[PDB]
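Next come the chains, spelled out residue by residue.
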Amino acid sequence: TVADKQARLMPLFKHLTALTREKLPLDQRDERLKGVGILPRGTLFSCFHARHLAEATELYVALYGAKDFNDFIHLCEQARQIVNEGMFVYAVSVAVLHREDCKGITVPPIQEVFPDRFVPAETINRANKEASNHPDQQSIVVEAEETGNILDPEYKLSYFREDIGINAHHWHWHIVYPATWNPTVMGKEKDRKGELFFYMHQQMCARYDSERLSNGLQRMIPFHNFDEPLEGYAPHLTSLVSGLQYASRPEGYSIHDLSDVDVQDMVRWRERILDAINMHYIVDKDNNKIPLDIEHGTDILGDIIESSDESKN
Amino acid sequence: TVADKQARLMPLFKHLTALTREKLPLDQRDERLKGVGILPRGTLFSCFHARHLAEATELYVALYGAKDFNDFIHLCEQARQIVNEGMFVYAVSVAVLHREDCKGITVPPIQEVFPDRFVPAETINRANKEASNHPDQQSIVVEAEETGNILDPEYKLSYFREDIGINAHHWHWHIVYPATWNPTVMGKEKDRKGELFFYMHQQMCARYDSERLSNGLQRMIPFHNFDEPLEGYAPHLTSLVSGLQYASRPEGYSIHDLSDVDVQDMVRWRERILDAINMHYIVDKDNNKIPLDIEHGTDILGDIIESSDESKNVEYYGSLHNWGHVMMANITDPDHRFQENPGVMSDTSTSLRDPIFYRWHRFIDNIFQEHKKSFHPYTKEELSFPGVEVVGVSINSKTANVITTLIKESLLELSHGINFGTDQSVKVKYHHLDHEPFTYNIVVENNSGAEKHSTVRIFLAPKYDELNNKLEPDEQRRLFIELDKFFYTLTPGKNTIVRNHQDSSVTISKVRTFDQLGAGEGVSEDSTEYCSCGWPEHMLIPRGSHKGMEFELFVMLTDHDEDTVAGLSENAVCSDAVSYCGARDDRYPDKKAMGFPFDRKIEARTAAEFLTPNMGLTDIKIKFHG
């Protein structure tokens, strides 16, 4: 039944952390993932980075490709063991969302799956500590609220920024509209995904601005200039998977090139995208021009800007 | 042939009520018969009362004494004419069960023989009425379920208490282990009957408690104080035999002296027993003291408490348990001036229905518990089976780790029991609790180099208390019910043992109806226990609730080499139901104390702490379907 199906899915989600370690007498046994899972857990999975997205897409396709639900579970059983866990959650969630066979099925809570992302390290530490401190069946409750010398007024916004629901939503939205989404492979297409990309993010900003004003703060200003140094933020989040946490960013940093991309390559892209806007057309790979039609224009721009697989160039 | 033999036995059982009218010119010819015939026919027979038991024993002996099966049929045929019918059924069933000549033979259904005990007054009446109302060959069907206003919550338990299978089992068990049993006369002895007496009754109470909790009711309290008034219960049972029925008991009456026994004496026997526990010895008739040994102690106590013929001292210790049934049964007319029939407590078939049964049995169980208390707890050494580790257990059903329970309709055929007349069959429809089939999968790691043999023991205990969720193992001991016990061999490395609920050692796989028996099947041919005894299958797990009540599922593996006894007994015989019934003409197949590991006090606050490596607890849910 559906209920049984739900039950099977929940365990795909349990202990994402611990289900690493190959557990495979001949480690070739998921050849489909000898290629994908070139991310071992070391760094974190990036939703944004292209290479990471490529692996993720490869994973989803296998899940989509699965002939039946049972086959789907089997892939998700054996494969999870190799691939980076973050990528895995990402690929599976996409599969659950789209794949018909999954006409059954919620995904386990993101907050619940990775509590460490939602709550501060201190609270997480305390809970873990209490668990060890006195063994007992009894329940442990920890109040995350803390006590602290709030210097920054940005702190006021924390109710909005830190909100569990907001973060969860953002995770889910990207899952429904993946950047990697290839309509040919799936066959189905996501209507107006580029435009939606634009709208959803715009709303988040708009809503954010209303908070600042409620706060008595001025509206946020764009990162127009790449040269400008960024304001620092320390997340105080730990990752339970290994020894590390999200690195904090101290005050005042000017912009540095990564091996993967130069910030100047970036500046070009901004010029280009905005060029085409004025010129009212964009150039396809074919070197044909497509007009930024009133109907189509936002969608085409959304795909290019994000950018999705859909980008015309 | 055996089949012919079966046929002869069934008619011994037919029209018992009618069989009266002696038609005997003189009993003197029947010298064998001289001893019996004191109790009048119509009168109700008491399984508990000593005098009644004495007559019954006398009857059985004659049946045992019968030189051959043919002789057996003859005396039986003749005896049945004079003796009270209830006593007769009792004596015959015992004979059929034990007497070799009867290597052939089921006993006709108790429910079927006396349908009136199983079904309410109303549906007895309706069926009888329909039979008379319109003469016609056509079959009559009556649904026993009724319609009424339920003012007492005890009613909720009725599915358990009233269950046909449960009552039948209780009848049969007493037959396999009669209180009257004299080993010298038979020559054979019933192994650990006293202990079994204790274990079986304890399980009934334990199982009962699980029902109350499933219900959301608190656990039953023991009837410790003789002074307290009893709760009333009206059975609504009629006896087809005469114009009477089991007398009902209204609310709030205290126990009163009977001519036969004073309540005083009840108090005294039970003080005497308590002393003997603590002093660590009991006094025999010889005035010698026998120690309450760890091995022997429960058995000796069981015989004294019940008490059986086996009791080391009847004249001192008395018969507390049995008298309790008698006293409660005739609370309504202790004097018997009223000349009213006794209540349900008087009969093994009926007694489970009254809620008082549990109160009394918990009281007696307490006596055993005090004894158990005197014993030291179990060390890791005793519990553990080294090299074996239990990785996990899973229960497979429609939904894993959830068992579903529902009510099922069933029909009982009255025709063998009551005069049918023209009708081909009169069936009464009743409903009982039932559950979906399920299997267990236990993963065990055998660290040792060689194959091991293990006894798998599975028990179920409620997670929730009346207060909140608290797995306090001491308390759990009372609650734990035995699901299954079986032998399995484990090879080295990982092993998965799968067992199906159907296989359960606690339950009777099937009871053959007088109709099936009318033909001739091949489960094999042993006797009163045959299809009869064993706990009923539908009953295997508690009802649970719609919400899906949480129960602890406990699996333990023990070294079989230690557990089994060696000896040379029979072919595959009535052993399906070993857990509660034992084995035919065999020693109890498990060395461990019945109820192990649960029997002794548990030091730990939580059950989990108790677990050794060869033990495991899996929480499962039982959900009832309305």
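Residues numbered from 1 in each chain as written, not as in the entry; some residues may be left out. Chains lettered and ligands numbered in written order. Part of a larger assembly, values for the part shown. Heavy atoms only, no water.

- This entry lists cryo-EM as its structure determination method and reports a resolution of 6.8 Å.

**Re the overall build of chain A**
Here comes step 1: Along its length, chain A carries 13 helices and two strands.
Here comes step 2: With the principal axes as the frame, chain A shows a C-alpha extent of 65 × 55 × 40 Å.
Here comes step 3: When burial is assessed residue by residue, chain A has 31% of its 313 residues classed as buried.
Here comes step 4: Taking all contacts inside chain A whose residues are at least 6 apart in sequence as the whole, residues at least 24 apart take part in 64%.
Here comes step 5: Working note: accessible area of chain A is about 20,400 Å², and carbon and sulfur atoms make up 54% of it. (Helix = DSSP H or I, 4+ residues; strand = E, 2+ residues; numbered from the N terminus. Buried < 20%, exposed > 50% of the residue type's maximum accessible area, 1.4 Å probe, protein only. Contact = heavy atoms within 4.5 Å. Areas by Shrake-Rupley, 256 points an atom, 1.4 Å probe, with all protein chains shown as cover.)

**Observations regarding the overall build of chain B**
Here comes step 1: When you go through chain B residue by residue, the secondary structure sums to 22 helices and 14 strands.
Here comes step 2: The globule rule puts the C-alpha radius of gyration for 626 residues at 25 Å, and the 24 Å found for chain B is close to it.
Here comes step 3: Here chain B holds 626 residues, and 56% of them are scored as buried.
Here comes step 4: Taking contacts inside chain B between residues at least 6 apart in sequence as the whole, the part at least 24 apart equals 79%.
Here comes step 5: By element, 50% of the accessible surface of chain B is carried by carbon and sulfur atoms, the whole surface being about 26,800 Å². (Rg over C-alpha atoms; globule rule 2.2 N^0.38 Å.)

**Focus on the pairing of strand β14 (residues 615–624) of chain B**
Residue and element names in this part refer to chain B.
Here comes step 1: As paired elements, strand β5 (residues 402–413) and β14 share four bridges and run parallel to each other. Residue pairing for β14: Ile 403 is matched across the bridge by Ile 622.
Here comes step 2: Pairing geometry for strand β13 (residues 549–559) and β14, over eight bridges, is antiparallel. In the strand pairing of β14, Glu 550 is matched with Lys 621. (Pairing = 2+ DSSP bridges.)

**Some thoughts on the UniProt feature "binding site: Cu cation 2" in chain B**
All names here are of chain B.
Here comes step 1: If you check UniProt for "binding site: Cu cation 2", the listed places come out as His 321, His 325 and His 361 in our numbering. With the annotated positions falling across 41 residues, the maximum pairwise C-alpha distance of 9.8 Å places them together in a single cluster.
Here comes step 2: Mapped onto the elements, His 321 comes out in helix α15 (residues 320–329).
Here comes step 3: Filtering out sequence-adjacent residues up to four positions away, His 321 remains in contact with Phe 48, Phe 197, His 201, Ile 305, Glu 306, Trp 360, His 361 and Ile 364.
Here comes step 4: Among the polar contacts made by the side chain of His 321, one reaches the side chain of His 325 at a distance of 3.0 Å. (UniProt positions renumbered as here; feature names shortened; annotations may be inferred. Polar contact = N/O pair within 3.5 Å; in protein donor to acceptor, adjacent residues only side chain to side chain.)

**Focus on the sheet that holds strand β4 (residues 388–396) of chain B**
Residue and element names in this part refer to chain B.
Here comes step 1: If you trace the three strands from one edge of the open sheet to the other, you get β4-β7-β10, paired in antiparallel fashion. The open sheet terminates on both sides in strands that have one partner only, identified here as β4 and β10 (493–500). Across the sheet, the mean angle separating the axes of adjacent strands is 20° when strand polarity is ignored.
Here comes step 2: Two strands pair when backbone bridges link them, and β4 and strand β7 (residues 439–446) are joined in this way by eight bridges, in the antiparallel orientation. Bridging from a neighbouring strand, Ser 394 pairs with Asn 441 of β7. (Axes fitted to C-alpha atoms, helices over the stretch in contact; angles between N-to-C directions.)

**Topic: helix α9 (residues 164–176) of chain B**
Here comes step 1: For α9(B), spanning 13 residues, the distance from its first C-alpha to its last is 19 Å, which sits close to the expected 18 Å at 1.5 Å a residue.
Here comes step 2: Capping the start of α9(B), B:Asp163 holds a side-chain oxygen 2.8 Å from the backbone nitrogen of B:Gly165, two or three residues further along. (Expected span 1.5 Å × (residues − 1).)

**With respect to the UniProt feature "binding site: Cu cation 1" in chain B**
Residues and elements named next belong to chain B.
Here comes step 1: Here, the residues flagged by UniProt with the feature "binding site: Cu cation 1" are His 170, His 174 and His 201. These residues run over 32 residues, yet every pair of their C-alpha atoms falls within 10.9 Å of each other.
Here comes step 2: Tracing the backbone through its elements, the reader meets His 170 in helix α9.
Here comes step 3: Once residues lying within four places of it in the same chain are set aside, the contact partners of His 170 are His 201, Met 204, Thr 348, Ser 351, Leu 352 and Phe 357.
Here comes step 4: Note that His 174 resides in helix α9.

**Let's talk about the packing of aromatic side chains**
Here comes step 1: Evaluation of the coordinates by the stated rule reveals 32 aromatic pairs over all chains.
Here comes step 2: Ring geometry for B:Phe226 against B:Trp360: centres 6.2 Å apart, planes inclined by 85°, an arrangement best described as edge-to-face. Within this pair, whereas B:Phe226 is found in the loop between α11 (193–215) and α12 (263–278), its partner B:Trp360 is found in helix α16 (residues 356–374), the two being separated by 134 residues in sequence. Summarising the burial analysis for this pair, B:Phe226 and B:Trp360 share the class buried.
Here comes step 3: Among the aromatic side chains, those forming a connected cluster through ring pairs are A:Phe45, A:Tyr60, A:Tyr90 and A:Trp171.
Here comes step 4: Above the ring of B:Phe114, the side-chain terminus of B:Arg117 is found at 4.1 Å from the ring centroid.
Here comes step 5: Cation over ring: B:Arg499 sits above B:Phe486, and NZ or CZ is 4.2 Å from the ring centre. (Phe/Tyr/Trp six-rings, centres within 6.5 Å; stacked < 30°, edge-to-face > 60°. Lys NZ or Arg CZ within 6 Å of the ring centre and 35° of its normal.)

**Quick look at the side chain of B:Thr180**
Here comes step 1: Tracing the chain through its elements places B:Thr180 in the loop between α9 and α10 (183–186).
Here comes step 2: According to the relative accessible area criterion, B:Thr180 is buried, its value standing at 5%.

**Let's talk about the nonpolar core**
Here comes step 1: By size, the foremost hydrophobic cluster in this structure holds 164 residues, and its most contacted members are B:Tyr90, B:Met328, B:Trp360, B:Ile367 and B:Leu557.
Here comes step 2: Leave out the neighbours within four places in its chain, and B:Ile367 touches B:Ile273, B:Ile277, B:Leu301, B:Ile305 and B:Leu320.
Here comes step 3: A:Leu39, A:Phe69, A:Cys76 and A:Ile105 belong to the second largest nonpolar core, which has 40 residues in total. (Core = buried A, V, L, I, M, F, W, Y, C linked by side-chain atoms within 4.5 Å.)

**Considering a nonpolar patch on the surface**
All names here are of chain A.
Here comes step 1: The grouping of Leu 274, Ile 277, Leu 301 and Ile 305 at the surface amounts to a nonpolar patch, some 290 Å² of accessible area in total.
Here comes step 2: At the level of secondary structure, the elements contributing two or more residues to the nonpolar patch comprise α12 (263–278) and α13 (297–306).
Here comes step 3: Counting through the fold element by element, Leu 301 comes out in helix α13. (Patch = residues over 30% accessible without salt bridge, like charges linked within 9 Å, V, L, I, M, F, W, Y side chains within 5 Å. Salt bridge = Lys/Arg side-chain N within 4 Å of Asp/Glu carboxyl O.)

**Focus: a negative patch on the surface**
Here comes step 1: On the surface, A:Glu122, A:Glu143, A:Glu145, A:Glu146 and A:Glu162 cluster together to form a negatively charged patch.
Here comes step 2: Turning to its location among the elements, A:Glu143 is positioned in the loop between α7 (121–133) and α8 (158–161). (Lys, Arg positive; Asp, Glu negative; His and termini not counted. Charge placed at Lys NZ, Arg CZ, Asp CG, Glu CD.)

**Some details on the sheet that holds strand β9 (residues 481–490) of chain B**
All names here are of chain B.
Here comes step 1: Overall, mixed pairing links the seven strands, which are arranged β1-β6-β5-β14-β13-β8-β9 in an open sheet. Taken across any chain shown, the strands that pair with only one partner, and hence form the sheet edges, are β1 (140–143) and β9. Taken pair by pair, the neighbouring strands of this sheet meet at an average axis angle of 30°, ignoring direction.
Here comes step 2: Relative to the sheet, helix α7 (residues 121–133) contacts β1 and β6 (426–435), its axis offset from that of β1 by approximately 155°.

**What to know about the packing of α12(B) against α15(B)**
Residues and elements named next belong to chain B.
Here comes step 1: It is at 10 Å that the axes of α12 and α15 come closest, and there the two elements cross at 155°. On the basis of the axis angle, α12 is roughly antiparallel to α15. Crossing of α12 over α15 shows left-handed handedness. Touching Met 266, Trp 269 and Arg 270 of α12 are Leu 320, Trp 323, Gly 324 and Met 327, all from α15.
Here comes step 2: Counted by class, the contact of α12 with α15 contains five nonpolar, one polar and one charged residues. (Parallel < 35°, antiparallel > 145°, perpendicular 65-115°, else oblique. Left-handed = near helix turned anticlockwise from the far one by under 90°. Nonpolar A, V, L, I, M, F, W, Y, C, P; charged D, E, K, R; others polar.)

**Points about helix α3 (residues 69–82) of chain B**
Residues and elements named next belong to chain B.
Here comes step 1: With 14 residues, α3 should reach 20 Å at 1.5 Å per residue; the first-to-last C-alpha distance of 21 Å fits that figure.
Here comes step 2: Taken residue by residue, α3 has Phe 69, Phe 72, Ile 73, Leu 75, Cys 76, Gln 78, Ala 79, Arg 80 and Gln 81 as its buried positions.
Here comes step 3: At its buried positions, α3 is contacted by α1 (2–13), α2 (50–65) and α4 (85–98).

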